[PDB]
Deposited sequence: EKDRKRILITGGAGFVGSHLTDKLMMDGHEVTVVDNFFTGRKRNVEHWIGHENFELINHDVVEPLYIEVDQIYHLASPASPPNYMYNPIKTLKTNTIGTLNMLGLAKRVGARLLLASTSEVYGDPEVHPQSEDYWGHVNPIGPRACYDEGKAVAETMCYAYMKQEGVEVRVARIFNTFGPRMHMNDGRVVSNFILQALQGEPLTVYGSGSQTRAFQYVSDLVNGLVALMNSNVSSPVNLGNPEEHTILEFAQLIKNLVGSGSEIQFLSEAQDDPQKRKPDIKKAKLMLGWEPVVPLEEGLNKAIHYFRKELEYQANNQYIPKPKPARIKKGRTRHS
């Protein structure tokens, strides 16, 4: 049982990771500046003995004593404040590697499938601390994820179809809707992160869901699961064999169950905003 720092812990992925590691009996310390995350995402844990929330910006040196660091502190966007994003990914990662070096923590970087800005150099910084300072690093290349606590108003397709469907709005299908998307449910991703953190694989690893559907196939499925009278209008798949083999990991959450849950969250939010 380990003392774990999660930067970006109050965000979409960070909060679900937090829930998981607290249930597993670890001392989870969350660092977040609430630039894109929410205190509500982790409030359930405030006061519990093995939890602590620190309102800190990773661009500022952080001194704490831990065995692991899940480095997830990076804002997402539809880029809202490009300079702050670039500062966070670079200076932010250097500080968390500095911290990892001083106290001997293993650090996992939440990288992105978008490497195929600031997250490219971030991977490189990890590998430079590994090679040069003996820091243990793990690098996850994360693909499209969805679920409760995701950003609803970013203009991604899952968020759009879910909002439009709940609001009786027409579901806007760009193109012929034959193009394809692959979505992983957040608990699968969390399972992947933990597995990669505790493996011995220091090279990059893709965590995504290889199963694709057509954008339209998605729109019809969301329409049904919501049960709205909404109308439909018109206007790089992940390879996870390295995770299947090295980590014995793969997404197991059926798509319908993942969407049901995301929908329950979008519904709860929309009524709350009344």
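- Counting the deposited sequence from 1, the stretches lacking C-alpha coordinates are 1 to 3, 82 to 84, 123 to 148, 268 to 276, 316 to 336.
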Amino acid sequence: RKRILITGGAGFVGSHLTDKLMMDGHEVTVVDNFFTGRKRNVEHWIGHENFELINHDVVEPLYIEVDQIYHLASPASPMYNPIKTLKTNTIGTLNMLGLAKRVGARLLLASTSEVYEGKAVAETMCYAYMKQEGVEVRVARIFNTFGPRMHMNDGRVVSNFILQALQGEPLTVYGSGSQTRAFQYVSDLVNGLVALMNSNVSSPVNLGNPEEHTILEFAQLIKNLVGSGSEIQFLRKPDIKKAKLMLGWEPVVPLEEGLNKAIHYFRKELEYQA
From here on, numbers count along this sequence of modelled residues.
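- Taking only CA atoms, the mean B-factor in the PDB entry is higher for 177 to 185 than for the other of 177 to 185 and 195 to 203.
- Mean C-alpha B-factor is higher over 157 to 165 than over the other stretch, the pair under comparison being 84 to 92 and 157 to 165.
- Looking only at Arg102, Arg138, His151, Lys119, the residue with the top Cα B factor in the deposited structure is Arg102.
- Of the candidates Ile232, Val58, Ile240, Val42, the one whose C-alpha carries the top B factor in the deposited record is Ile232.
- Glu52: CA B factor lies in the middle third for its chain, per the PDB record.
- In the PDB entry, a CA B factor belonging to the lowest third of its chain's modelled residues is recorded for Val31.
- Per the deposited record, the Cα B-factor of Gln132 falls in the highest third when ranked against the other modelled residues of its chain.
- When the modelled residues of the chain are ordered by C-alpha B-factor, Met125 sits in the middle third.
- Sort the modelled residues of the chain by CA B factor and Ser111 lands in the lowest third.
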